[PDB]
Amino acid sequence: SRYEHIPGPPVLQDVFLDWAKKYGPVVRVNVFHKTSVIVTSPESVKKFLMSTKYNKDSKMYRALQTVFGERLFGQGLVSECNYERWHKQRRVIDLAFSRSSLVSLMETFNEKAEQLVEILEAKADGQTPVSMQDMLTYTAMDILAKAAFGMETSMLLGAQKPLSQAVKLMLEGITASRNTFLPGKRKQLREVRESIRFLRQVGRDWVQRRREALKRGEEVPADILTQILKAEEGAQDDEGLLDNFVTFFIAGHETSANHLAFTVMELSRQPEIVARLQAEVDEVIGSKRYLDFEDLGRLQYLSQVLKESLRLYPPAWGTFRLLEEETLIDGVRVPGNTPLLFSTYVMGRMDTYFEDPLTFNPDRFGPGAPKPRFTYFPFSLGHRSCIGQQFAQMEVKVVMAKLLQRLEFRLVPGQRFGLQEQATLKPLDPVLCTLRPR
Ligand code: HEM
Ligand SMILES: O=C(c1cnc2c(-c3cnco3)cc(C(F)(F)F)cn12)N1[C@@H]2CC[C@H]1COC2
């Protein structure tokens, strides 16, 4: 009853889109079994995301914190909603995402991208179907594990299948917790719970190896794990460390994979844009196998294509803030203690904010084009924006540039362009393609 006065009805994000269009900038919805208010004016996005006064609503992150009674991300960087506790860990972990830190990762990005392209080139017979979703997820995982933890997962070589299965089931668990046959319930619970335990045990094992390497005086390059450890200096137990281990293990590859998959999917029906991209990579990097850091800024058209991919297909569709006190938002009285839902997915597909919103047009992000003002936020905005944004943008440019340099992709007929909402948004189908060398 406290929300019944708010406009509203008498993937789920498309239903929200329809309702925002019909009912306006402030609409009551039910999401993850709780009443929320979707706020879609740019004035609101600015007000709430650009102030440290407004913090995340913990209740809407419960499925990341713990699933079926197993601690998952716990109080790591994404799911910690207390400002002071978040701030302390953010400032320490930020050191691993410095300009100098990120420049040193180019070798890893290049090596894993080159490995992917070589594997794909051997299958480029115009006939063999290849799941680009799977290949790009393995590439993202292998990049993350090496870059962040000094670990070789070698998923591109077909290694670590138990780990890959663990990740899949954990993501299914997050999804089931936020939605949802007795025999079905039993096996599901068992497999999800054991997968989460496996992931934290991977953390424990790798932290032990790192500590042992340091004690023996071995060479350990400073990385994300260094700063995750530094954040926990003098903690009473290792649960905080393992929260962030798992947070970065998953966050550091899943969304990047989703974004790569969506971009490959969309480009399969954009032959003219693909031709322009091919020309750009040919002109900027030539025959070089390796992209230098300075080359990345020169791939201007690719940058624009990637921005446009995130407008229509943001893997993380939005964020929540807790409204503590009753507040008038765009003419609507919103009671205190209410989760406010912000969605870059919904705003990206609204004609009020983007002309011909379903048209894929990289020119929207061109040098002379007016920039979206608080209508576009695939990495979010403000203090709780993505710590990995520049890491992600670099890795995906490296991977895409090397694909475009060497291969042509055709989507297998019957493959769909639709989305599914699991723990993130991702393509519904495996992005099955046939390949030829350029
Ligand atoms: C295209 C790739 C990526 C997209 C679209 C993306 C998107 C986002 C979004 C929308 C948020 C805000 C989430 C929220 O408010 O609940 C976020 C936060 C975060 N992301 Fe990313 N992300 C990407 C890549 C990465 C990578 C590569 C890493 C780590 C290496 C990463 C680690 C994080 C962490 C730790 C947070 C929490 C930040 C904080 O609250 O201080 N993400 N991401
Ligand atoms: O679950 C998330 C969320 C947000 N960010 C992430 C990331 C992430 C960020 N950067 C890299 O990865 C990874 C995942 C994971 F499932 F893959 F683990 C989930 N999330 N939520 C958003 C939208 C609905 C829900 C609650 O509100 C805010």
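A single member of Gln300, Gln304 is within 24 Å of the chain's Cα centre (by Cα), surrounded by fewer than 16 Cβ atoms within 10 Å (Cβ to Cβ) and away from ligand 2 (no atom under 16 Å from the Cβ), and it is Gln300.
Scan the stretch 284-335 for residues that are touching a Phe, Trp or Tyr at 6+ places or on another chain (Cβ under 9 Å), within 25 Å of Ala261 (Cα to Cα) and charged (D, E, K, R) and report the count. Summing the residues that are touching a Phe, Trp or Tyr at 6+ places or on another chain (Cβ under 9 Å), within 25 Å of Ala261 (Cα to Cα) and charged (D, E, K, R) in the stretch 284-335 gives 3. Does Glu355 satisfy the condition of being part of a loop (DSSP other than H, G, I, E, B) and either over 23 Å from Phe48 (Cα atoms) or hydroxyl-bearing (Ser, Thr, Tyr) (or both)? Against the criterion (part of a loop (DSSP other than H, G, I, E, B) and either over 23 Å from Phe48 (Cα atoms) or hydroxyl-bearing (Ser, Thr, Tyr) (or both)), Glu355 qualifies.
If you go through the stretch 343-359 and pick out every residue that is in contact with a helix residue (DSSP H, G or I) (Cβ under 6 Å, 6 or more places away or on another chain) and of a type outside the set (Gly, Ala, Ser), you end up with 4. From the list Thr344, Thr375, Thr338, the lone residue that is buried (at least 19 other Cβ atoms within 10 Å of the Cβ), of a type in the set (S, T, N, Q) and within 16 Å of ligand 1 (Cβ to nearest atom) is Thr344. For the residues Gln89, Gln75, the requirement of being of a type in the set (S, T, N, Q), over 24 Å from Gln420 (Cα atoms), assigned to a loop (DSSP other than H, G, I, E, B) and in contact with a helix residue (DSSP H, G or I) (Cβ under 6 Å, 6 or more places away or on another chain) singles out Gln75.
Of the helices (runs of 4 or more DSSP H) lying entirely inside the stretch 203-271, those containing at least 2 residues that are among the charged types (D, E, K, R) are 239-251, 254-267.
Matching residues to (1) part of a loop (DSSP other than H, G, I, E, B); (2) out of contact with any strand residue (DSSP E or B) (no Cβ under 8 Å at 6 or more places or on another chain); (3) under 16 Å from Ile224 (Cβ atoms):
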residue: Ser101; (1), (2), (3): no, yes, yes
residue: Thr108; (1), (2), (3): no, yes, yes
residue: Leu120; (1), (2), (3): no, no, no
residue: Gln127; (1), (2), (3): yes, no, no
residue: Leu136; (1), (2), (3): no, yes, no
residue: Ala140; (1), (2), (3): no, yes, yes
residue: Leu144; (1), (2), (3): no, yes, yes
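For the stretch 274-288, a tally of residues being hydrophobic (A, V, I, L, M, F, W, C) and either more than 10 Å from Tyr301 (Cβ to Cβ) or outside any helix (DSSP H, G or I) (or both) returns 3. The condition (being surrounded by fewer than 17 Cβ atoms within 10 Å (Cβ to Cβ) and among the charged types (D, E, K, R)) is satisfied by just one residue among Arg178, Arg211, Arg200, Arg193: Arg211.
None of the figures in this text is laboratory data; all of them are computed from the coordinates on show. Note that each Cβ is placed from the backbone with ideal geometry, even for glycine, and that neighbours are counted across all protein chains shown.
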